[PDB]
Ligand SMILES: [Mg+2]
Ligand SMILES: [Mg+2]
C-alpha cells in the first residue's frame, strides 16, 4: 500500500514505554508540550487583539495542530506548502493560511479544493499573474480565497520591496471576484535566532516600521489592511507589542531545539521554551579506548542543519560528564567525551534536535508520550506512549 | 488509510509523463546516465578479477534500483546499513544481503533473521561476543543460518575492533556456534572516500590494506579462514580491488554521483569518475531581479546541505549565460543567487539540481522518478519510464 515500510509500520503503540519504541524515533513529551502552549497563551494575554496562528511546518501533524488550537484558544494554523494544508484539512483543522506563494497550477487546485470543501483559506502573493491564476482556480470551484501581499522586510527571500508595490497588488485584487485582499505578511526569519534581546528588539523595530509604512500607504490609497501577519518563536513578543501586527506565527515554541535554547531574553533566562521534542536513539557500539559511544541515529534520523543535537541534563546525572554528538554518517551518531561510565550498548538516550522542523520531517510517525512529574528532563525511564500519530505532511514540500 | 504520510500515499508522477508533469520537488533518476555508471564500474572491475562488487543499497533504498544494478553489473548482492533496507530489498526479490553494520536490538535481529528464514542469504557484521550470541540464538529459533563478519576499525574510528587479536577471538567464538558462520571481515574507511588526488588516495588506502591483511594473516596463523574481505566505497574501490587482499568492494554512490564525488581527481586526469544521474527537480516560485535572485520550491526538506550546496548543471549556464549558486532559504525555499548581462529563470520554470550529497537527499523522498532523455541537465526532452517506491526511506530502523 504505502511507498515506504516506515510509513506503513508504526515504531510503537498505545501503552508502550520508551524501551518498546523502535529506534530511531521521534518523541513528543505532551506534558512539556502542554506547558509551552500554556506559556505562549499567557504571554499573549499581555497583548489583547493579537491572534496566534501556530505554524504547522514544525510538526506536520493534524493531531498536534488540534491540541495546539484547543490549548491556545486559537482558530487556525500556518502551512508552508499545500501538502501541509492538505494534512491539516483532512484532520479537521479548517482555518488555514498558506504563508508562502503557490505558483504551480496543480498545487493551487489542491489548495482551492480545500476551500471548496469548507475550509477557510488564506494564501500569500507577490505577483499579479499569480493573483489572477489564484482567482481563476477559486472561481472554477465556486469558492473564495483570502489573499495577502507578502512584503520583504529584510529577510530577502520572497515578497515585494516597497509600500507602493503592496498598494499596486491590493489595487489588483479589488477587481477580482473570488479573491479578497486581506492584508500583508511581514516575516523576517533572519532575526529569529538573534541572541541579544535588545539587538533582536531593535531589529524587529525596523521590520515593524516597514510593515507600518505598508499599512499607511494602503490607508493613503483608501484601501484597508485587515490582517498584518508575521514573526516567529524568536521575535513574536516584539511584533505583538507593536500595535501594527494583528497576528503572530510562531511554530517552534511548542517543541524548542538547541538553536532556540540559546536565545537570551529580557529577564535572567536563556531559552524561552521547554524541550518537548526528542529523537530516541539506542547505543549500538562502544569503544572505551577512544571517547566513544555510537548511537543508531545518524544524518537520516537527526538533521544537523543548525548544528549537532544535544544530550539533556538527565544524561549528565549518573554518567558524570556531558558528552558531545558528532556525525558518524548516515546511520551512526558519535558520542564523544571531551573518566567515568560510557553508556552501555543497548542503552537508550534522548537527543534534543539542533533544529526542530527538519528533524520532524525525517519521521513518518510521532510518538506522543508522558512520564511520571518532578523529573530531570531527558531520561528514558518511566514513559507511557499516549498516542502514535501519522505525520501526514511529511515530505519534500509538495 | 494508505500511508502515515500523504507523500508516501501519492506518487509525484506517472508512466509517460514529461518532467513538466512531475509534482515538485521530486527525485529524478536518469536511467541512461545510471546505466552508463553501472557499465563503467563493471568495465573497471573486469581489470580486477576475483573481486566482487556488492553495491551499497543505502544510497538508493529502492528494490527496483538494486535489481537493475545487479543485472547491469552481473553481481549477486547488495549491502544494507540498517535492517529496514534489508527488508525493502528482500520484499523486492533481492535475496543476497550483507548488513554492513552491527545490529543489537532483538526486534531488529528477528526481522533480519526472518529474511534468512524466508530464503534470503544474509550476512551481518559484529564486534562483540554477546551480540554474536544473540545473532546465533535468533537464527537457531527460526531454523536458519547467518554469515557473520568481524568489523575492524581501519582508520575511520567509527565502529569495529582495533586489533587482530580481537578479530581472532570473535572468529573463534563464531567457529563453535551452530547457526552462525565466520565469513571474514569488513574493513571500511569512510574518511578516505573524498580524498581528492589518486596518489593520496592510494597512499592512505594502502595503509588500510596493511591493517586488513594483518587481520587475515593473524586468522591464518590461528588456523581460521578469512573467506571475505569486504570494504571500500565509490572513492577508494580501485585501490581496494587492486590490493589482492580485498575480495569485495562496497561502492554505493557511484551509480548516482553528487557534487562532492564529482571533485575526486582520477588516474586518467579526469575530475569526477561518474556521470550525475540523480537530480532534485525544482520549480522557481519567486524571482527578484537586482537582488539577482530566483527562489525555488526545494529547501532543506528537499535537498540535504550536509556536505555542501546542490549544484546547477552546465545546461543551466548554456541557457541563462552564467551559473547561479544555491543557498539555503530555510525549510521550503532554495535561494539561487548570481555570483554580466542579467538573465534570471522565469517563475514557473523547471530546474535540475545536483545534490551536494546523494544518500541523505535520496532519503528525503518517498518515490523515485525514473526517466530517460531522448538523444548535461535540461528539463526539456524527458519521459518518465517508472515511478518506484523508496521502500527503505526513513530514520534507519
Ligand atoms: Mg525552523
Ligand atoms: Mg554518502
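Identify, please: which residue in segment B:304-317 is under 19 Å from residue B:28 (Cβ atoms) and away from ligand 1 (no atom under 16 Å from the Cβ) and is, among those, farthest from the other protein chains (Cβ to nearest Cβ)? Ranking the qualifying residues of segment B:304-317, first place goes to B:314. Residues in segment A:254-299 that are within 19 Å of residue A:21 (Cα to Cα), over 19 Å from the mean Cα position of the chain (by Cα) and in a loop (DSSP other than H, G, I, E, B): A:296, A:297, A:298. For segment B:100-114, taking the residues that are touching a helix residue (DSSP H, G or I) at 6+ places or on another chain (Cβ under 7 Å) and farther than 25 Å from residue B:248 by Cα, the one that is surrounded by the most Cβ atoms within 10 Å (Cβ to Cβ) is identified as B:108.
When segment A:327-347 is filtered for residues that are assigned to a strand (DSSP E or B), surrounded by fewer than 21 Cβ atoms within 10 Å (Cβ to Cβ) and either on the phi > 0 side of the Ramachandran plot or away from ligand 2 (no atom under 16 Å from the Cβ) (or both), only A:336 remains. Can you confirm whether residue B:350 is at negative phi, more than 16 Å from ligand 2 (Cβ to nearest atom) and either under 26 Å from the mean Cα position of the chain (by Cα) or not assigned by TED's automatic domain parsing to the domain that holds residue B:380 (or both)? Judged against the criteria, residue B:350 is not a match. Among residues of segment A:353-369 being within 14 Å of ligand 1 (Cβ to nearest atom), closer than 11 Å to residue A:302 by Cβ and not in a helix (DSSP H, G or I), the one that is nearest to the other protein chains (Cβ to nearest Cβ) is A:362. Taking the stated definitions as given, is residue B:397 at the interface with chain A (Cβ under 7 Å from one of its Cβ atoms) and surrounded by fewer than 24 Cβ atoms within 10 Å (Cβ to Cβ)? Answer is yes for this residue. I want to confirm something. Restricting to segment B:66-85 and keeping residues that are within 14 Å of another protein chain (Cβ to nearest Cβ) and assigned to a helix (DSSP H, G or I), which single residue is nearest to ligand 1 (Cβ to nearest atom)? Ranking the qualifying residues of segment B:66-85, first place goes to B:84. Residues in segment A:172-209 that are touching a strand residue (DSSP E or B) at 6+ places or on another chain (Cβ under 7 Å), under 30 Å from residue A:356 (Cα atoms) and part of a helix (DSSP H, G or I): A:197, A:207.
Exactly one residue among A:208, A:228, A:238 is more than 20 Å from the chain's Cα centre (by Cα), away from ligand 2 (no atom under 16 Å from the Cβ) and either surrounded by fewer than 24 Cβ atoms within 10 Å (Cβ to Cβ) or closer than 25 Å to residue A:80 by Cα (or both), and that residue is A:208. Just one of the listed residues (A:393, A:374, A:379, A:291) is away from ligand 2 (no atom under 16 Å from the Cβ) and on the phi > 0 side of the Ramachandran plot, namely A:374.
Which one is nearest to residue B:393 (Cα to Cα) among residues in segment A:382-394 that are in contact with a helix residue (DSSP H, G or I) (Cβ under 8 Å, 6 or more places away or on another chain) and away from chain B (no Cβ under 14 Å)? Per the criteria, the residue is A:385. Taking (1) part of a loop (DSSP other than H, G, I, E, B); (2) assigned by TED's automatic domain parsing to the domain that holds residue B:150 in turn, residue B:304 satisfies each apart from (2).
Please tell me if residue B:61 is crowded, with 24+ Cβ neighbours inside 10 Å and either facing another protein chain (nearest Cβ under 10 Å) or assigned to a helix (DSSP H, G or I) (or both). Considered against the rule, which asks whether it is crowded, with 24+ Cβ neighbours inside 10 Å and either facing another protein chain (nearest Cβ under 10 Å) or assigned to a helix (DSSP H, G or I) (or both), residue B:61 comes out as yes. Residues of segment A:17-56 that are within 14 Å of chain B (Cβ to nearest Cβ), crowded, with 19+ Cβ neighbours inside 10 Å and more than 16 Å from the chain's Cα centre (by Cα): A:18, A:21, A:22, A:23, A:24, A:25. When we screen A:286, A:248 for residues that are in the same structural domain as residue A:352 (by TED's automatic domain parsing) and more than 16 Å from ligand 2 (Cβ to nearest atom), the only hit is A:286. Within segment B:276-316, which residues are surrounded by fewer than 18 Cβ atoms within 10 Å (Cβ to Cβ) and more than 24 Å from residue B:343 (Cβ to Cβ)? B:308, the sole residue that qualifies.
The values are calculated or read from the model by the stated rules, or taken from the named source; these are not laboratory values. Backbone-built Cβ (ideal geometry, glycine too); neighbour counts: all protein chains shown.
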